[PDB]
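K.L.:
Need a 3D model of the sequence below.
(chains A, B, C and D, ligands or ions: 2)
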There are 4 protein chains.
Amino acid sequence: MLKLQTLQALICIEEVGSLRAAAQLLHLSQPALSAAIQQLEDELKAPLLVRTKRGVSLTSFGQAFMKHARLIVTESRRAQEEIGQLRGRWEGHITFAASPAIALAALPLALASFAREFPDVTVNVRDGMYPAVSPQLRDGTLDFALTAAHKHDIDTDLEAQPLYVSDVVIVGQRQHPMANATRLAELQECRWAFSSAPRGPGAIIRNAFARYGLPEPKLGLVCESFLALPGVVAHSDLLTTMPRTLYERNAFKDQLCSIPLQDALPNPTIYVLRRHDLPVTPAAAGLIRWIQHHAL
Amino acid sequence: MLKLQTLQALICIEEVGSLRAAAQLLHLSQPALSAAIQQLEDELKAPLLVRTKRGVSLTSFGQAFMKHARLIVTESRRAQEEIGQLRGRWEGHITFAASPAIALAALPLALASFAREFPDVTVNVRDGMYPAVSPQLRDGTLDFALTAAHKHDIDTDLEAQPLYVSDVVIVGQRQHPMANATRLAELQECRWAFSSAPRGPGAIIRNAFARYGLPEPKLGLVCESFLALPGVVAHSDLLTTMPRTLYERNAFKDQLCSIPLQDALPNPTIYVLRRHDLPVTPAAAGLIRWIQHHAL
Amino acid sequence: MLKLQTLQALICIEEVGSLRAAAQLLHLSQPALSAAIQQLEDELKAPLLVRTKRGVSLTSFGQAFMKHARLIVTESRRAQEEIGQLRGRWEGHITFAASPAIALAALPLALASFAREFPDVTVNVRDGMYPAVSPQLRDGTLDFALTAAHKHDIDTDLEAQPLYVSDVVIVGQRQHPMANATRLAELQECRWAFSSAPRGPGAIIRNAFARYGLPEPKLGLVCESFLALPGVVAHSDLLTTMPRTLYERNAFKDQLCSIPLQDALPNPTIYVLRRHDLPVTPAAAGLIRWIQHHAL
Amino acid sequence: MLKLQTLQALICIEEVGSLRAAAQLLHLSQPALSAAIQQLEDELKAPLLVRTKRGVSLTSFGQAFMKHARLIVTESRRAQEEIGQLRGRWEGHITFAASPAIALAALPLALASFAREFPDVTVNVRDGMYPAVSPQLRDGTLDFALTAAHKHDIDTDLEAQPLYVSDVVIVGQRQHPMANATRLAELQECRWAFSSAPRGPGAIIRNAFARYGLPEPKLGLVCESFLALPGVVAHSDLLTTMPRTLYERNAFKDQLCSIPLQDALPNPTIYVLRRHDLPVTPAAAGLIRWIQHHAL
Ligand SMILES: O=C1O[C@H]([C@@H](O)CO)C(O)=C1O
Ligand SMILES: O=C1O[C@H]([C@@H](O)CO)C(O)=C1O
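P.N.:
Numbers count the residues shown, from 1 in each chain, chains lettered A, B, ... in the order given. Ligands and ions are numbered 1, 2, ... in the order given. Shown next is the protein structure:
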């Protein structure tokens, strides 16, 4: 029998004056409790209980021992309470960073379902992108990030689980002069709103231009806000690249077009990124499952 | 004495985090980047970098030195760009942050106007809010921030110029239970998505509930991403506050509504914020001009 | 519920810092130490250990849990030792700390007396001072501390029993410039070696200079090691305060002197300090008895 | 010419109205300064100075540029001041741990000499031993430790430089019954005051007994305080092992003897131990040199 339940029982035996009565009160087996106390007495080499007409009393050794017993039972309760609070604070909070596409499609449906399965968790959500999220993942102020990355180029401190394979489209003002282009080379003369990517401003379009044999793309401006990007392109002649989800869910849809090229653009893999030494909360894993569920 | 040429070296080394990865400073001929840092370390008489687990890391001295290094480098660049501008050679950089209400309405029109008049100025557009923008204002890495703020509580070294008086609304899913509420008191029991604000996450609804005599609003989640907010609200029963301009310009407009409230809500003033003792380049001035104009 | 058997396992694992190095728990047959920790982790519902750079490290939960684990294990051991003692079987452990004035005079005589009467009790003797000893008093890892303290400023859960009223002297190199000073004011310009004390390093000379109307004493060095103090003073012109007993009993007595001062200095009371709610084992009681006796 | 001295000169030129006068004031070469300003003007593509009858004035471009120049000169001064303070605090403090032998012989003479060569450094000295010092060396609260260790068994985070090779002697009460022993086996019947060592209480004597084919040494008591050890052995029949320096410099010399065995005891190597990522202060290295100097 678990020692703490034995000590707990002795505490009860002191108050109600019977082994039998104590076992029934704490829902323990009489023959098991009796054998536990006996075992303990043999280890102690003294009796804790002396019989009377009514029941039992603590012996002299029993009274000495009970002071220790009382402190051990109390310490156990306090320990479980301290850690219950600390763990309660831990499990009750999630802080993460999401890419624009996850935030526009996956997250909203994920968050609804999640909050039913995990009703007691505050979630804190922010915009984020790798490599910028790396330092706060590392220093712990950020639990995980849901962001694009390149497998062969990720921090070693970080674990990376693929979430889904994403799409990138070239976007322009609805009647862009190059709306009918089928090739990258046909856009050499356009100016670009360099959108953000793991390898730097406009890295996706620069690298596309490079592999297809073209010079550097002509810069129009650098637009790091994905919130601002769709309207900016709508009121200018600048082209940009963006996630398909952003193109499909933005405020300026009817003023924009995509320019679908027969030349291939990349498919940025979206990753769960977190520090690997770190333990993941049940809720954190839960939220990931739900976002995953809506990223199929 | 310091060698201003080495400051960008240090800046670069802290960013890429590697000894060798820094060689893209066009030191693809020699590791005399080390000699350059040796000098800087002796001028300050303190170790700046440190042999580390994944490559190279700044010491506490290095970290302290960065804000000064960055202000020096960016002020030098601004000095040079200004002189050319004063000669009608309109080249150079502008980096600025914008709140969602500026970013979705005035900004697209202003950027296009500016680019037409100043075709060769490289502009960098970011999300940003006060007070988070303050340290990038302070080290010269942002020229200005277009953000909500409270006049009576802006840091002393910051210049604040009123740009726009914005409008707060209360937003929920289209067939929300409270869709037809007209009083703040009717929303007492609702769960909220705390959106970002100068005085902290959810400060607007928190401070409103307070003034209207209510208890703390009930937290559903913290959502710092304005890109994510409309959709989160669309696919749940969470209420939120948001700029009217965002309410009117998002991808989930069909699935949302604004609560027809007859209790009044705040009208946050959007400001142009700058570190006051920094002379504004003629080009940056030119852009603020345009944002003001389109801000109506 | 907790399994008290696993607590020593956890204790051991945190000390040796290794997964496998812990197998000296006589688990040289199986890694079912892991199963034991799995249970504990589930009882607390929190990760306790963490896969780490050099082996295994406690999580913040593990760290929080240690004081409770240690008090439980040591109270259980004390419960068992007491019972045997109450039966005239004088076996078990005593761990205690002592200040230099107790350690150099009363302690040698007391330990010898005690060992003659209680030949089989294992005694553990440590340096220690208040308040540094407090957390080891609190977690049961020290049975008592014999230390200077101030009555009006001892933590509430600590029992404090006057043992000895000690004597402070001011000590310097034998032919010190001030060797013949009779007034504290004459030592105003001297450099001091700050020795340890309850109110902080050099608190005695600091608080003396203050009461006698002087400015802050001049710091030469901080010397927490009483073993080192006499020699440091012997081979320099640094003055220090120290217990008269230490002044009288060190290896550099020939090369030292005490300043023949007619301004009075404090007489720190040495106390027997214990966490008050912990029942003192008969053996430990037996030793405190002897230390008291020899303390004269 | 260093750019900061150029900007500094332009600041001077604005105030005193002459290039010639400014070069002489700041002790710079006229032909060099003139060429520097010229070079700067060519890069700026505008003149900073216009001639008058007296001297020069800033041009319009000069006045624009000077605002930036003034800020860059000021920032440089502030940077050097911030880091000068931080580094000043760093270089002006040493905190270390010493073994009993170092503290009794090396340190006192080291500290005197050191403090002349490095007069502005607070030194904080404490008792310490490996492995106990390891966590605070690692977390930085302790600069270095001068302690015994075993080369083939030291933490990887730590660098270890040998300081000197030490001696261990068996010590007893002046007329110990075993004072004439020449072999370890002759002491099998004695009881020991287990003194502290890297591999645990009494590890030196246990391991000596083991290699010479003997059973475990009989325990008398565990004495972790090296301050207490000599008097404890003097007023009992317990034997101990200790550093030769402790045996030669303690308060109870005339009441003790050594028991020099023809059996060999170990020669514990004393190490400088520090975290290797950490930069060492000039003063810290200096103190080590002086302790080294007195450990020959
Ligand atoms: O910068 C780049 O953009 C794509 C990337 O999006 C693929 O995921 C790619 O291969 C690059 O080199
Ligand atoms: O514990 C031991 O004591 C000596 C050591 O002092 C040598 O430096 C040794 O070899 C052991 O195994």
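
K.L.:
Surely residue A:162 touches residue A:269?
P.N.:
Yes. Judged on Cβ atoms under 8 Å, residue A:162 makes contact with residue A:269 at a distance of 5.7 Å. Backbone N, C-alpha and C define where each C-beta goes, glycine included.

K.L.:
If you count surrounding residues, which of the two has more?
P.N.:
Set side by side, residue A:162 and residue A:269 show more neighbours around residue A:269, with 15 against 12, by other Cβ atoms under 10 Å in any protein chain shown.

K.L.:
For chain A, give the residue positioned nearest to ligand 2.
P.N.:
Closest approach between chain A and ligand 2, counting by Cβ to the nearest ligand atom: residue A:277, at 33.6 Å.

K.L.:
Show the backbone phi and psi for the closest residue to that residue other than its chain neighbours.
P.N.:
In space, and not counting its chain neighbours, residue A:277 is closest to residue C:50: 6.3 Å by Cβ to Cβ, 6 or more residues apart in numbering or on different chains. Residue C:50 adopts backbone torsions of phi -150, psi 130, taken as degrees, to the nearest 10.

K.L.:
check contacts around residue C:50.
P.N.:
The neighbourhood of residue C:50, defined by Cβ atoms under 8 Å, 6 or more residues apart in numbering or on different chains, consists of A:277, A:279, C:56, C:57, C:58, C:59, C:62.

K.L.:
ok, it to residue B:248 distance?
P.N.:
As defined by Cβ to Cβ, to the nearest Å, residue C:50 lies at a distance of 49 Å from residue B:248.

K.L.:
and if you look at residue A:168?
P.N.:
The gap separating residue A:168 from residue B:248 is 28 Å, by Cβ to Cβ.

K.L.:
next one: residue A:119
P.N.:
33 Å.

K.L.:
if you count what's nearby, which of those two comes out ahead?
P.N.:
Taking other Cβ under 10 Å, residue A:119 and residue B:248 do not tie; residue B:248 has more neighbours (17 against 7).

K.L.:
so the residue nearest to residue A:268 when sequence neighbours are not counted bridges to which residues?
P.N.:
Closest residue to residue A:268 apart from its sequence neighbours, by Cβ to Cβ, 6+ apart: residue A:148 at 4.1 Å. Judged by DSSP bridges, the bridge partners of residue A:148 are residue A:270.

K.L.:
Let me see the contact set for residue A:148.
P.N.:
Applying Cβ under 8 Å, 6+ apart, the residues near residue A:148 are A:99, A:129, A:130, A:166, A:197, A:198, A:268, A:269, A:270, A:271.

K.L.:
burial of the residue nearest to residue A:125 when sequence neighbours are not counted, as a residue count?
P.N.:
Excluding the flanking residues, the one nearest residue A:125 by Cβ to Cβ, 6+ apart is residue B:223, at 5.2 Å. When neighbours are counted by other Cβ under 10 Å, residue B:223 registers 28.

K.L.:
show me the contacts for residue B:223.
P.N.:
A:124, A:125, B:193, B:194, B:195, B:229, B:232, B:240.

K.L.:
Those residues in strands, which ones?
P.N.:
Per DSSP state E, strands hold the following members of those: A:124, A:125, B:193, B:194, B:195, B:240.
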